[PDB]
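To be precise, the following lines are target_9.pdb, and they hold PDB, N, CA and C atoms.
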ATOM      1  N   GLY A   1      -4.151  16.370  10.489  1.00  0.00           N
ATOM      2  CA  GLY A   1      -3.018  15.841   9.751  1.00  0.00           C
ATOM      3  C   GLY A   1      -2.663  14.431  10.229  1.00  0.00           C
ATOM      4  N   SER A   2      -3.545  13.494   9.913  1.00  0.00           N
ATOM      5  CA  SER A   2      -3.338  12.110  10.302  1.00  0.00           C
ATOM      6  C   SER A   2      -2.603  11.358   9.190  1.00  0.00           C
ATOM      7  N   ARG A   3      -3.008  11.641   7.961  1.00  0.00           N
ATOM      8  CA  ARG A   3      -2.399  11.002   6.807  1.00  0.00           C
ATOM      9  C   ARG A   3      -2.773   9.520   6.762  1.00  0.00           C
ATOM     10  N   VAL A   4      -2.407   8.816   7.825  1.00  0.00           N
ATOM     11  CA  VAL A   4      -2.698   7.396   7.919  1.00  0.00           C
ATOM     12  C   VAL A   4      -4.197   7.171   7.706  1.00  0.00           C
ATOM     13  N   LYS A   5      -4.975   8.160   8.117  1.00  0.00           N
ATOM     14  CA  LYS A   5      -6.420   8.082   7.978  1.00  0.00           C
ATOM     15  C   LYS A   5      -6.781   7.996   6.494  1.00  0.00           C
ATOM     16  N   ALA A   6      -6.376   9.022   5.759  1.00  0.00           N
ATOM     17  CA  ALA A   6      -6.649   9.074   4.332  1.00  0.00           C
ATOM     18  C   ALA A   6      -5.961   7.893   3.642  1.00  0.00           C
ATOM     19  N   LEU A   7      -5.052   7.269   4.376  1.00  0.00           N
ATOM     20  CA  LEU A   7      -4.319   6.130   3.848  1.00  0.00           C
ATOM     21  C   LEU A   7      -5.136   4.856   4.074  1.00  0.00           C
ATOM     22  N   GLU A   8      -5.547   4.665   5.320  1.00  0.00           N
ATOM     23  CA  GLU A   8      -6.331   3.497   5.680  1.00  0.00           C
ATOM     24  C   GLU A   8      -7.295   3.136   4.548  1.00  0.00           C
ATOM     25  N   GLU A   9      -7.757   4.168   3.856  1.00  0.00           N
ATOM     26  CA  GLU A   9      -8.681   3.973   2.751  1.00  0.00           C
ATOM     27  C   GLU A   9      -7.978   3.271   1.588  1.00  0.00           C
ATOM     28  N   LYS A  10      -6.861   3.850   1.177  1.00  0.00           N
ATOM     29  CA  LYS A  10      -6.087   3.291   0.079  1.00  0.00           C
ATOM     30  C   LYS A  10      -5.661   1.866   0.437  1.00  0.00           C
ATOM     31  N   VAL A  11      -5.011   1.746   1.586  1.00  0.00           N
ATOM     32  CA  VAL A  11      -4.547   0.451   2.051  1.00  0.00           C
ATOM     33  C   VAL A  11      -5.698  -0.552   1.988  1.00  0.00           C
ATOM     34  N   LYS A  12      -6.772  -0.218   2.688  1.00  0.00           N
ATOM     35  CA  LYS A  12      -7.944  -1.078   2.719  1.00  0.00           C
ATOM     36  C   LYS A  12      -8.309  -1.488   1.291  1.00  0.00           C
ATOM     37  N   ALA A  13      -8.109  -0.553   0.373  1.00  0.00           N
ATOM     38  CA  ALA A  13      -8.412  -0.804  -1.026  1.00  0.00           C
ATOM     39  C   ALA A  13      -7.312  -1.677  -1.634  1.00  0.00           C
ATOM     40  N   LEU A  14      -6.109  -1.512  -1.102  1.00  0.00           N
ATOM     41  CA  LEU A  14      -4.969  -2.275  -1.581  1.00  0.00           C
ATOM     42  C   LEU A  14      -4.971  -3.655  -0.920  1.00  0.00           C
ATOM     43  N   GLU A  15      -6.020  -3.906  -0.150  1.00  0.00           N
ATOM     44  CA  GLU A  15      -6.155  -5.177   0.541  1.00  0.00           C
ATOM     45  C   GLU A  15      -7.118  -6.092  -0.215  1.00  0.00           C
ATOM     46  N   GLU A  16      -8.296  -5.557  -0.499  1.00  0.00           N
ATOM     47  CA  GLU A  16      -9.310  -6.312  -1.214  1.00  0.00           C
ATOM     48  C   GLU A  16      -8.872  -6.552  -2.660  1.00  0.00           C
ATOM     49  N   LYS A  17      -8.218  -5.546  -3.222  1.00  0.00           N
ATOM     50  CA  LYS A  17      -7.740  -5.634  -4.592  1.00  0.00           C
ATOM     51  C   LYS A  17      -6.568  -6.615  -4.656  1.00  0.00           C
ATOM     52  N   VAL A  18      -5.494  -6.251  -3.971  1.00  0.00           N
ATOM     53  CA  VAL A  18      -4.306  -7.085  -3.941  1.00  0.00           C
ATOM     54  C   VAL A  18      -4.716  -8.542  -3.720  1.00  0.00           C
ATOM     55  N   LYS A  19      -5.686  -8.723  -2.835  1.00  0.00           N
ATOM     56  CA  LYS A  19      -6.177 -10.054  -2.525  1.00  0.00           C
ATOM     57  C   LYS A  19      -7.051 -10.553  -3.676  1.00  0.00           C
ATOM     58  N   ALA A  20      -7.824  -9.632  -4.233  1.00  0.00           N
ATOM     59  CA  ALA A  20      -8.707  -9.964  -5.338  1.00  0.00           C
ATOM     60  C   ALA A  20      -7.883 -10.558  -6.481  1.00  0.00           C
ATOM     61  N   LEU A  21      -6.729  -9.951  -6.717  1.00  0.00           N
ATOM     62  CA  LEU A  21      -5.843 -10.410  -7.773  1.00  0.00           C
ATOM     63  C   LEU A  21      -5.659 -11.925  -7.658  1.00  0.00           C
ATOM     64  N   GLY A  22      -5.986 -12.613  -8.742  1.00  0.00           N
ATOM     65  CA  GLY A  22      -5.862 -14.060  -8.774  1.00  0.00           C
ATOM     66  C   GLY A  22      -4.590 -14.518  -8.059  1.00  0.00           C
ATOM     67  N   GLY A  23      -3.590 -13.649  -8.084  1.00  0.00           N
ATOM     68  CA  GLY A  23      -2.321 -13.950  -7.444  1.00  0.00           C
ATOM     69  C   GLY A  23      -1.674 -15.189  -8.064  1.00  0.00           C
ATOM     70  N   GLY A  24      -0.530 -15.562  -7.509  1.00  0.00           N
ATOM     71  CA  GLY A  24       0.195 -16.724  -7.995  1.00  0.00           C
ATOM     72  C   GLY A  24       1.523 -16.313  -8.632  1.00  0.00           C
ATOM     73  N   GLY A  25       2.041 -15.185  -8.171  1.00  0.00           N
ATOM     74  CA  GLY A  25       3.301 -14.674  -8.683  1.00  0.00           C
ATOM     75  C   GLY A  25       3.093 -13.356  -9.434  1.00  0.00           C
ATOM     76  N   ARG A  26       2.801 -12.316  -8.667  1.00  0.00           N
ATOM     77  CA  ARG A  26       2.579 -11.001  -9.244  1.00  0.00           C
ATOM     78  C   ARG A  26       2.199  -9.999  -8.150  1.00  0.00           C
ATOM     79  N   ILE A  27       1.467 -10.498  -7.164  1.00  0.00           N
ATOM     80  CA  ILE A  27       1.033  -9.661  -6.059  1.00  0.00           C
ATOM     81  C   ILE A  27       2.069  -9.731  -4.934  1.00  0.00           C
ATOM     82  N   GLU A  28       2.646 -10.913  -4.776  1.00  0.00           N
ATOM     83  CA  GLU A  28       3.649 -11.126  -3.749  1.00  0.00           C
ATOM     84  C   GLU A  28       4.518  -9.876  -3.588  1.00  0.00           C
ATOM     85  N   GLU A  29       5.158  -9.495  -4.684  1.00  0.00           N
ATOM     86  CA  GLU A  29       6.019  -8.325  -4.677  1.00  0.00           C
ATOM     87  C   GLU A  29       5.312  -7.148  -4.002  1.00  0.00           C
ATOM     88  N   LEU A  30       4.349  -6.587  -4.719  1.00  0.00           N
ATOM     89  CA  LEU A  30       3.591  -5.459  -4.202  1.00  0.00           C
ATOM     90  C   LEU A  30       3.118  -5.777  -2.782  1.00  0.00           C
ATOM     91  N   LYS A  31       2.714  -7.025  -2.592  1.00  0.00           N
ATOM     92  CA  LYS A  31       2.237  -7.468  -1.294  1.00  0.00           C
ATOM     93  C   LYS A  31       3.353  -7.298  -0.260  1.00  0.00           C
ATOM     94  N   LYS A  32       4.579  -7.486  -0.725  1.00  0.00           N
ATOM     95  CA  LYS A  32       5.736  -7.358   0.145  1.00  0.00           C
ATOM     96  C   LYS A  32       5.818  -5.922   0.669  1.00  0.00           C
ATOM     97  N   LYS A  33       5.921  -4.990  -0.266  1.00  0.00           N
ATOM     98  CA  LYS A  33       6.008  -3.583   0.087  1.00  0.00           C
ATOM     99  C   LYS A  33       4.734  -3.168   0.827  1.00  0.00           C
ATOM    100  N   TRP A  34       3.622  -3.741   0.392  1.00  0.00           N
ATOM    101  CA  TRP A  34       2.337  -3.440   1.001  1.00  0.00           C
ATOM    102  C   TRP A  34       2.427  -3.788   2.488  1.00  0.00           C
ATOM    103  N   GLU A  35       3.293  -4.744   2.789  1.00  0.00           N
ATOM    104  CA  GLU A  35       3.483  -5.177   4.163  1.00  0.00           C
ATOM    105  C   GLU A  35       4.365  -4.179   4.917  1.00  0.00           C
ATOM    106  N   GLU A  36       5.335  -3.634   4.198  1.00  0.00           N
ATOM    107  CA  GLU A  36       6.249  -2.669   4.784  1.00  0.00           C
ATOM    108  C   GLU A  36       5.651  -1.262   4.716  1.00  0.00           C
ATOM    109  N   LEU A  37       4.613  -1.134   3.903  1.00  0.00           N
ATOM    110  CA  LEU A  37       3.944   0.145   3.738  1.00  0.00           C
ATOM    111  C   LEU A  37       2.911   0.322   4.854  1.00  0.00           C
ATOM    112  N   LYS A  38       2.029  -0.659   4.960  1.00  0.00           N
ATOM    113  CA  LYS A  38       0.989  -0.625   5.975  1.00  0.00           C
ATOM    114  C   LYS A  38       1.631  -0.433   7.350  1.00  0.00           C
ATOM    115  N   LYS A  39       2.816  -1.008   7.499  1.00  0.00           N
ATOM    116  CA  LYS A  39       3.542  -0.908   8.754  1.00  0.00           C
ATOM    117  C   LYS A  39       4.020   0.533   8.949  1.00  0.00           C
ATOM    118  N   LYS A  40       4.143   1.238   7.834  1.00  0.00           N
ATOM    119  CA  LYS A  40       4.588   2.620   7.868  1.00  0.00           C
ATOM    120  C   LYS A  40       3.405   3.523   8.226  1.00  0.00           C
ATOM    121  N   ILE A  41       2.266   3.220   7.620  1.00  0.00           N
ATOM    122  CA  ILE A  41       1.060   3.992   7.865  1.00  0.00           C
ATOM    123  C   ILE A  41       0.673   3.870   9.339  1.00  0.00           C
ATOM    124  N   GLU A  42       1.240   2.863   9.987  1.00  0.00           N
ATOM    125  CA  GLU A  42       0.963   2.627  11.393  1.00  0.00           C
ATOM    126  C   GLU A  42       1.752   3.608  12.263  1.00  0.00           C
ATOM    127  N   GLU A  43       3.059   3.623  12.047  1.00  0.00           N
ATOM    128  CA  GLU A  43       3.933   4.506  12.800  1.00  0.00           C
ATOM    129  C   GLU A  43       3.712   5.959  12.374  1.00  0.00           C
ATOM    130  N   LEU A  44       3.005   6.117  11.265  1.00  0.00           N
ATOM    131  CA  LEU A  44       2.719   7.441  10.742  1.00  0.00           C
ATOM    132  C   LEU A  44       2.312   8.363  11.895  1.00  0.00           C
ATOM    133  N   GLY A  45       3.270   9.163  12.337  1.00  0.00           N
ATOM    134  CA  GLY A  45       3.026  10.091  13.429  1.00  0.00           C
ATOM    135  C   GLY A  45       4.289  10.884  13.767  1.00  0.00           C
ATOM    136  N   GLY A  46       5.233  10.194  14.391  1.00  0.00           N
ATOM    137  CA  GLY A  46       6.487  10.817  14.774  1.00  0.00           C
ATOM    138  C   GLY A  46       7.355  11.106  13.546  1.00  0.00           C
ATOM    139  N   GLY A  47       6.838  11.971  12.688  1.00  0.00           N
ATOM    140  CA  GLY A  47       7.551  12.341  11.477  1.00  0.00           C
ATOM    141  C   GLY A  47       6.594  12.443  10.287  1.00  0.00           C
ATOM    142  N   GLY A  48       6.672  13.574   9.600  1.00  0.00           N
ATOM    143  CA  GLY A  48       5.824  13.809   8.446  1.00  0.00           C
ATOM    144  C   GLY A  48       6.466  13.257   7.172  1.00  0.00           C
ATOM    145  N   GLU A  49       7.022  12.062   7.298  1.00  0.00           N
ATOM    146  CA  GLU A  49       7.670  11.414   6.170  1.00  0.00           C
ATOM    147  C   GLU A  49       6.680  10.502   5.442  1.00  0.00           C
ATOM    148  N   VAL A  50       5.413  10.878   5.517  1.00  0.00           N
ATOM    149  CA  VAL A  50       4.363  10.107   4.873  1.00  0.00           C
ATOM    150  C   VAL A  50       4.676   9.975   3.381  1.00  0.00           C
ATOM    151  N   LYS A  51       5.310  11.008   2.848  1.00  0.00           N
ATOM    152  CA  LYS A  51       5.672  11.021   1.441  1.00  0.00           C
ATOM    153  C   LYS A  51       6.102   9.615   1.017  1.00  0.00           C
ATOM    154  N   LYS A  52       6.689   8.900   1.967  1.00  0.00           N
ATOM    155  CA  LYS A  52       7.151   7.547   1.705  1.00  0.00           C
ATOM    156  C   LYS A  52       5.942   6.617   1.572  1.00  0.00           C
ATOM    157  N   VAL A  53       5.152   6.569   2.635  1.00  0.00           N
ATOM    158  CA  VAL A  53       3.968   5.728   2.649  1.00  0.00           C
ATOM    159  C   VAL A  53       3.235   5.865   1.312  1.00  0.00           C
ATOM    160  N   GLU A  54       2.692   7.053   1.090  1.00  0.00           N
ATOM    161  CA  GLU A  54       1.967   7.326  -0.139  1.00  0.00           C
ATOM    162  C   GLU A  54       2.676   6.679  -1.330  1.00  0.00           C
ATOM    163  N   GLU A  55       3.847   7.213  -1.641  1.00  0.00           N
ATOM    164  CA  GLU A  55       4.633   6.700  -2.751  1.00  0.00           C
ATOM    165  C   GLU A  55       4.636   5.170  -2.735  1.00  0.00           C
ATOM    166  N   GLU A  56       4.571   4.622  -1.531  1.00  0.00           N
ATOM    167  CA  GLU A  56       4.565   3.178  -1.366  1.00  0.00           C
ATOM    168  C   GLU A  56       3.216   2.599  -1.798  1.00  0.00           C
ATOM    169  N   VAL A  57       2.157   3.296  -1.413  1.00  0.00           N
ATOM    170  CA  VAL A  57       0.813   2.865  -1.754  1.00  0.00           C
ATOM    171  C   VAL A  57       0.578   3.076  -3.250  1.00  0.00           C
ATOM    172  N   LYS A  58       1.421   3.912  -3.838  1.00  0.00           N
ATOM    173  CA  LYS A  58       1.316   4.208  -5.256  1.00  0.00           C
ATOM    174  C   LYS A  58       1.859   3.025  -6.060  1.00  0.00           C
ATOM    175  N   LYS A  59       3.093   2.656  -5.748  1.00  0.00           N
ATOM    176  CA  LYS A  59       3.737   1.546  -6.432  1.00  0.00           C
ATOM    177  C   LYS A  59       2.721   0.421  -6.638  1.00  0.00           C
ATOM    178  N   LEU A  60       1.775   0.344  -5.714  1.00  0.00           N
ATOM    179  CA  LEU A  60       0.742  -0.676  -5.783  1.00  0.00           C
ATOM    180  C   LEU A  60      -0.265  -0.305  -6.873  1.00  0.00           C
ATOM    181  N   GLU A  61      -1.032   0.739  -6.593  1.00  0.00           N
ATOM    182  CA  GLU A  61      -2.034   1.205  -7.538  1.00  0.00           C
ATOM    183  C   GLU A  61      -1.528   1.044  -8.972  1.00  0.00           C
ATOM    184  N   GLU A  62      -0.354   1.609  -9.219  1.00  0.00           N
ATOM    185  CA  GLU A  62       0.250   1.535 -10.539  1.00  0.00           C
ATOM    186  C   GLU A  62       0.297   0.083 -11.019  1.00  0.00           C
ATOM    187  N   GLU A  63       1.054  -0.723 -10.289  1.00  0.00           N
ATOM    188  CA  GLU A  63       1.192  -2.129 -10.629  1.00  0.00           C
ATOM    189  C   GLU A  63      -0.180  -2.809 -10.648  1.00  0.00           C
ATOM    190  N   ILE A  64      -0.860  -2.727  -9.516  1.00  0.00           N
ATOM    191  CA  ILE A  64      -2.178  -3.327  -9.389  1.00  0.00           C
ATOM    192  C   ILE A  64      -3.024  -2.948 -10.605  1.00  0.00           C
ATOM    193  N   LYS A  65      -2.997  -1.663 -10.927  1.00  0.00           N
ATOM    194  CA  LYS A  65      -3.755  -1.159 -12.061  1.00  0.00           C
ATOM    195  C   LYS A  65      -3.321  -1.900 -13.327  1.00  0.00           C
ATOM    196  N   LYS A  66      -2.054  -2.285 -13.344  1.00  0.00           N
ATOM    197  CA  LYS A  66      -1.505  -2.999 -14.484  1.00  0.00           C
ATOM    198  C   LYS A  66      -1.819  -4.489 -14.348  1.00  0.00           C
ATOM    199  N   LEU A  67      -1.857  -4.942 -13.104  1.00  0.00           N
ATOM    200  CA  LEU A  67      -2.145  -6.338 -12.824  1.00  0.00           C
ATOM    201  C   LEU A  67      -3.475  -6.722 -13.474  1.00  0.00           C
TER
END

The structure given in the file should be rewritten as structure tokens.
Amino acid sequence: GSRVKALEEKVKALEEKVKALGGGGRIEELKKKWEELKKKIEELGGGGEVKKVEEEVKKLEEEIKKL
């Protein structure tokens, strides 16, 4: 029950993609949360509140998918 592990994958994916995005006013936002999210996947341990992280990594996929 690492969670962050199965996350590292998404994040890593939210890195090349988010970065892949031509950017210039659209990724910043998601990139913002992505910054507060990845930081969450880090502390991911002292508390099974991953539900947050995930949901956070989702906001990306969704948007990114729309991006």

task: Could you tell me, as a PyMOL selection string, which residues of chain A DSSP assigns to helix (DSSP H, G or I) when given the backbone?
output: chain A and resi 4-20+27-43+50-66

field: Nearest candidate to residue 61 (chain A) (options A:2, A:40, A:48, A:14; using only N, CA and C atoms)
entry: A:14

Atomic separation - CA of residue 34 (chain A) relative to atom N of residue 55 (chain A), Å: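 Between these atoms lies a distance of 11.1 Å.
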
- prompt: Which residues come within 12 Å of residue 9 (chain A), counting only C-alpha atoms, excluding same-chain residues fewer than 6 positions away, as a list in words?
  reply: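 Final neighbour list, sorted by chain and number: residues 3, 15, 16, 38, 41, 54 and 57 of chain A.
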
- prompt: How far is it from atom N of residue 4 (chain A) to CA of residue 23 (chain A), in Å with one decimal?
  reply: 27.4 Å
